[PDB]
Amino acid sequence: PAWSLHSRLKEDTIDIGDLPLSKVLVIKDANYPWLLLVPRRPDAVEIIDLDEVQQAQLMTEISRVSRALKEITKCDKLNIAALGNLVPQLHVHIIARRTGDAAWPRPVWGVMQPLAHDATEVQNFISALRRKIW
């Protein structure tokens, strides 16, 4: 079986690379430093749809990526979530939060209209991420 990224996720992200299990994506909303991990298992919707090895690997990847994100952003608090009420394909949000951000202290989802990235600001972000993760 072959894997491909859900079209809704593809539309809302910038592809920055691949880990052993997960595709690594930057969300195009610039309100927050916001990544997705998308495990490359066909038909996976819930974490428990992954096999045991893959579940363990997903935790390793959440650990690695969330630490890199906190180091780059010096954020006050990480938010990590697998929600998927609208998009079936298993994806894990990893979001850097700050007390001064647009949604604080609430969770980000649905609070603000998405902000477009400045191309230079996001490339610096992506570069910093690539160096730390890989």
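All residue numbers are counted from 1 along the displayed sequence.
For the pair 19-27 and 114-122, the mean Cα B-factor is higher in 114-122. As the entry records it, the average C-alpha temperature factor is higher for 101-109, out of 101-109 and 83-91. In the PDB entry, a CA B factor belonging to the lowest third of its chain's modelled residues is recorded for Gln54.
In the deposited entry, the Cα temperature factor of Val38 sits in the bottom third of values across the chain's modelled residues. For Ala68, the recorded CA B-factor ranks within the middle third of the chain. Only modelled residues enter the ranking.
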